[PDB]
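Each remark here refers to the structure printed beneath this line.
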Amino acid sequence: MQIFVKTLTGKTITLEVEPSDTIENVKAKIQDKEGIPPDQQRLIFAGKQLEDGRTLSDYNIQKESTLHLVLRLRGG
Amino acid sequence: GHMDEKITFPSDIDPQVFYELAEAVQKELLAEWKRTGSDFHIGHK
């Protein structure tokens, strides 16, 4: 499947994933597209911040769906 | 002093998605971006 990660600029980076793709692995694909380490992304979906240990299905994110890149600001 | 605060919107983060995403996330983030003062390095490039 694919999903549309809208950057906070609004550059929608489409990427191919699986409903069982973990956020850790999705963020690694984002790092491949955007150049931001996964540990430093704050991935958002519909206002829900996702966590590394979870999956697209854990948030009921399916194909042809839209995500958001936000920064962690590595606050701690 | 001068330029004690410097929220910036690079080729990776722009106000429009910020206005369009969940308002509660925008408020939380805006507090992040202004408490650091210069948002550290939004876009991280």
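A note on labels: chains of the structure tokens are A, B, ... as shown, every chain counts residues from 1, and ligands are counted from 1 in their shown order.
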Once you count only C-alpha atoms, which residues of chain A turn out to be within 8 Å of chain B? Could you give them as a list in words?
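That gives residues 7, 8, 9, 10, 11, 35, 36, 46, 47, 71 and 73 of chain A for chain A.
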Any chance you could export the current selection's C-alpha atoms as an mmCIF file, in the first residue's frame?
data_model
loop_
_atom_site.group_PDB
_atom_site.id
_atom_site.type_symbol
_atom_site.label_atom_id
_atom_site.label_comp_id
_atom_site.auth_asym_id
_atom_site.auth_seq_id
_atom_site.Cartn_x
_atom_site.Cartn_y
_atom_site.Cartn_z
ATOM 1 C CA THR A 7 5.297 17.619 5.392
ATOM 2 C CA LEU A 8 4.615 20.650 7.506
ATOM 3 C CA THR A 9 5.794 22.577 4.330
ATOM 4 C CA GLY A 10 3.062 20.761 2.493
ATOM 5 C CA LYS A 11 5.285 18.611 0.288
ATOM 6 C CA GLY A 35 16.703 13.438 5.794
ATOM 7 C CA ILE A 36 15.391 13.726 9.385
ATOM 8 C CA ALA A 46 -5.388 13.436 12.195
ATOM 9 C CA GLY A 47 -3.969 15.203 15.331
ATOM 10 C CA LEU A 71 9.467 17.707 14.683
ATOM 11 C CA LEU A 73 12.194 19.426 19.087
#
Select from chain B everything DSSP, run on the backbone, classes as alpha helix (DSSP H), then give the selection as number ranges by chain.
B: 15-20, 23-36
Write out as a PyMOL selection string the residues lying within 9 Å of region 52-65 of chain A, counting only C-alpha atoms and excluding same-chain residues fewer than 5 positions away.
chain A and resi 1-5+14+16-27+38-39+43+45
Straight-line distance linking CA of residue 67 (chain A) with CA of residue 32 (chain A), stated in Å to one decimal
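Distance between the two atoms: 16.0 Å.
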Members of region 20-65 of chain A assigned strand (DSSP E) by DSSP, as an NGL selection string
:A and (41-45 or 48-49 or 65)
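Separating CA of residue 15 (chain A) from CA of residue 74 (chain A) is a distance of 24.5 Å.
Here CA of residue 49 (chain A) stands at a distance of 17.4 Å from CA of residue 31 (chain A).
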